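J.: to kick things off, part of the complex as it is:
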Amino acid sequence: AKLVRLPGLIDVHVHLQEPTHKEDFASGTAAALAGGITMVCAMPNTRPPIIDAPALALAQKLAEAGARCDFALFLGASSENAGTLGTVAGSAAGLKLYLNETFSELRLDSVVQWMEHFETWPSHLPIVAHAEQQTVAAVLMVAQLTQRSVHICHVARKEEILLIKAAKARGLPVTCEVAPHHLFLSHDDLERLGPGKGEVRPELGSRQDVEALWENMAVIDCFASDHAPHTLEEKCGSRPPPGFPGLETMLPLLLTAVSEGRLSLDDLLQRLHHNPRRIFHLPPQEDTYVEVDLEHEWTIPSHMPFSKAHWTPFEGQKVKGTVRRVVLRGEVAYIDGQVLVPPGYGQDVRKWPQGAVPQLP
């Protein structure tokens, strides 16, 4: 009882797998709304990947038709599309670089290819990098050589957060995000999950990694789920893909941390609302808010109701806090386990006049 009104929360790192069995825009944005999230940024490592104008055009129409909450779509860097995205770049959330193991169309085989993208992508638009361990230092070098900013995805190690800390003390334009599974899970949990389910990139860290992220909360600009819904069949199979589902558990876990005094409510809103807004130039959502009950104690079940992943690595954890109601642009979108907006209610925020990134003419 006694609900708290939050602004519409933003998750800047989700995999909705459309262009489907793992998840689609309709089911993924339903999981988002149930987690208090009213706007998401979808990553480009789909099949086909979003690495050129026709693929983005297709993805945009599928999301406009399936999305239940508002969204923006990332473009993906490839070994061949550097210098070809200028005309559509402004319509995307930003450019995503996969600098570690991917074995996909987004594989870059040389740091020179990184520079070509930093040099050709419009300088006023966001660039985001999946960069682990020393790769974070390498991409920061490229960002400095090209005299522009970069945003580092899912920081998970003491090594990574301390380097970002050192870069920020030197005044370099770097921001970063951390995912809930790197704040609330560690190696102490791999025994329970197993090597199939516990497969994620970046991998789970040690207790020292987790403690370092919490100790350096001041260095973390954003929280983002890295929603990577894979079915249990794939996570437990021979070659299990990496990633966890997390849209529905992100806010409950972090509200639990707030109730325990680990971070303040403001700390949470900076990292799930204000900083995502200003890093990716995402527009406000009028008449949009989330109502949470901070008193409700519950246990995370074997699977959350909406994500098609049908499993969660936070099973059994005790949480304090739940989303009671979500209103999106004047309409009740979610209430106590039911989503009440149809697929297609969501819109591409980059098409809004206030959602375009300002630039010099």
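T.: Arrived safely, thanks for sending. Numbers count the residues shown, from 1 in each chain, chains lettered A, B, ... in the order given.

J.: and residue A:214, what element?
T.: Using DSSP states H and E, residue A:214 maps to helix A:207-215.

J.: distance from the chain centre to stretch A:314-329, please.
T.: Distance of stretch A:314-329 from the chain centroid (Cα atoms, centre = their mean, to the nearest Å) equals 17 Å.

J.: and if you look at stretch A:149-158?
T.: Once both centres are worked out by Cα atoms, centre = their mean, stretch A:149-158 turns out to sit 12 Å from its chain's centre.

J.: who touches it?
T.: For stretch A:149-158, contacts defined as Cβ atoms under 8 Å, 6 or more residues apart in numbering pick out A:13, A:94, A:118, A:126-133, A:136, A:139-140, A:142-143, A:160-161, A:164, A:173-179, A:182, A:202-205, A:208-209, A:212-213, A:220-221, A:224, A:226, A:279. All C-beta atoms are positioned from the backbone trio N, CA, C, and that covers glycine.

J.: give me the buried subset of the residues you listed.
T.: Taking 16 or more other Cβ atoms under 10 Å as the criterion, what is buried in the contacts of stretch A:149-158 is A:13, A:94, A:118, A:126-132, A:136, A:139-140, A:142-143, A:160-161, A:164, A:174-179, A:182, A:202, A:204-205, A:209, A:212-213, A:220-221, A:224, A:226, A:279.

J.: the strands in the stretch 1-150 of chain A, which residues?
T.: Under the criterion DSSP state E, counting those that start in this stretch, the stretch 1-150 of chain A carries strands at the ranges A:4-7, A:9-14, A:37-42, A:70-73, A:75-76, A:95-98, A:127-130, A:150-152.

J.: in JSON lines: those strands, plus distance to residue A:186.
T.: Putting the strands of the stretch 1-150 of chain A into JSON lines (distance: least, Cβ to Cβ, whole Å) gives the following:
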{"stretch": "strand A:4-7", "distance to residue A:186": "28"}
{"stretch": "strand A:9-14", "distance to residue A:186": "20"}
{"stretch": "strand A:37-42", "distance to residue A:186": "25"}
{"stretch": "strand A:70-73", "distance to residue A:186": "31"}
{"stretch": "strand A:75-76", "distance to residue A:186": "30"}
{"stretch": "strand A:95-98", "distance to residue A:186": "25"}
{"stretch": "strand A:127-130", "distance to residue A:186": "21"}
{"stretch": "strand A:150-152", "distance to residue A:186": "20"}
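
J.: further, place chain B onto the existing structure:
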Amino acid sequence: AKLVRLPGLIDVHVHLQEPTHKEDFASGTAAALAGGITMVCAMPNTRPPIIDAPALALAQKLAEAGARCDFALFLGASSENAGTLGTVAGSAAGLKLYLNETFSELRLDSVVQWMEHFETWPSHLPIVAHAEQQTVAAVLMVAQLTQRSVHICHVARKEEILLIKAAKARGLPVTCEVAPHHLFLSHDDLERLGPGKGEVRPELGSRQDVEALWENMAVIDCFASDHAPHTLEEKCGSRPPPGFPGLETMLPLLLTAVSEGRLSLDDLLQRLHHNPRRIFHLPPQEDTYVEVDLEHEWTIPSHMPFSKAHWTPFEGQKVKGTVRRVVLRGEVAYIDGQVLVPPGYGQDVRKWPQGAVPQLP
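T.: Okay, chain B now, added to the rest:
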């Protein structure tokens, strides 16, 4: 030609002197709109000062009746009101502490009085401090002892920005603002202005102070004019009050710096839009934007048309950039030297449902 669309800019530090000859809400917010500013935070050192509930109630009605753009009103800390503002605190922009020379009702005569305010002001609401030189270090200590954040007004010296830099490297929750006269004026200009006009608190810095602020732009969270309109009669008189008018010159000066590559357009928008939003929890303004012409060269005249100060210390400086049009909540508010919204069109953003600061119940 070729205009750029900016979001509604926010100035979190203005003196509008109502509850009038120096300036009132009507003329001050006109100067604001002509400077591309659609929302202002007014300081409490008026006559009477805003240091209790009846004074705030009065000021709120005067602003609602005179303001041409949206606003929030600061409460002022005094030697007697600690622990008495709890019921109205949420209706104010924040709490303003004057820790240096003021000889007014806002004079605090002991650091213990600072702590009492940090201890009694609601922990989720903003506290802002006028703190110069070592006072910045002292108020940071108080903020640490009371385990909360603080925002430092108009940083003007190498000494101050380096200490804030060191505090942020230690992870302390401190943010700060800088005013245009401390980025574009120095001791080299006091010869022209004289000791009467050149009187400002914080005083103008050396060239080394100015260079240090620019070199440490990464440490500056906000730009704010510290609009302190005093008539030429007072600035040139026996005991001249401190402060400059700056609402109408802030954006042109900073756009000049952008055109010269001293900072990026994004750097500007972070410090005049996004960061003011998230530090003071100010709501968005729907259907609001500013159109600027970045090509227009002009010279700052002896006085700008709207501010009742009728003088400016930037006289003669060559600038590149001008505000062509301002739209505030769906109405043309300003166009090429004419304000087209009447006194009273502006609203108190703290009364908006989205303008209240979220708190734990």
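
J.: the contacts of stretch A:149-158 again please, chain B included this time.
T.: Contacts of stretch A:149-158 with the rest of the structure, by Cβ atoms under 8 Å, 6 or more residues apart in numbering or on different chains, involve A:13, A:94, A:118, A:126-133, A:136, A:139-140, A:142-143, A:160-161, A:164, A:173-179, A:182, A:202-205, A:208-209, A:212-213, A:220-221, A:224, A:226, A:279.

J.: any part of stretch A:88-106 near chain B?
T.: No. Contact of stretch A:88-106 with chain B (Cβ under 8 Å from any Cβ of the partner chain) is absent, the minimum separation being 12.9 Å.

J.: what comes up buried for that stretch?
T.: Of all the residues in stretch A:88-106, those buried under the rule 16 or more other Cβ atoms under 10 Å in any protein chain shown are A:89, A:91-99, A:105-106.

J.: do stretch A:305-324 as well
T.: A:306-309, A:311-315, A:317, A:319-324.

J.: and for stretch A:49-60?
T.: With burial defined by 16+ other Cβ under 10 Å, the residues of stretch A:49-60 counted as buried are A:49-53, A:55-56, A:59-60.

J.: how far off centre is the helix holding residue A:214?
T.: Taking the mean of its C-alpha atoms, helix A:207-215 sits 20 Å from the chain's own mean (Cα atoms, centre = their mean).

J.: and if you look at stretch A:202-217?
T.: Per Cα atoms, centre = their mean, the centroid offset for stretch A:202-217 relative to its chain is 18 Å.

J.: stretch A:76-86 now?
T.: When distances are taken as Cα atoms, centre = their mean, stretch A:76-86 is centred 22 Å away from the chain's centroid.

J.: and it, how far apart are its ends?
T.: One end of stretch A:76-86 to the other measures 13 Å (Cα to Cα, to the nearest Å).

J.: same question for stretch A:109-128.
T.: 18 Å.

J.: buried ones in that stretch, by neighbour count?
T.: Under the neighbour-count criterion of 16+ other Cβ under 10 Å, stretch A:109-128 has A:113-118, A:120-121, A:123-128 buried.

J.: how about the residues of the stretch 151-300 of chain A that lie near chain B?
T.: For the stretch 151-300 of chain A, the contact set with chain B under Cβ under 8 Å from any Cβ comprises A:165, A:168-169, A:171-173, A:216-219, A:258, A:264-266, A:269-270, A:274-275, A:277-278, A:284, A:286, A:289, A:294.

J.: 10 Å instead?
T.: By the rule Cβ under 10 Å from any Cβ of the partner chain, the part of the stretch 151-300 of chain A lying against chain B is A:165-166, A:168-173, A:215-219, A:258-259, A:264-270, A:273-275, A:277-279, A:281, A:283-289, A:292-295.
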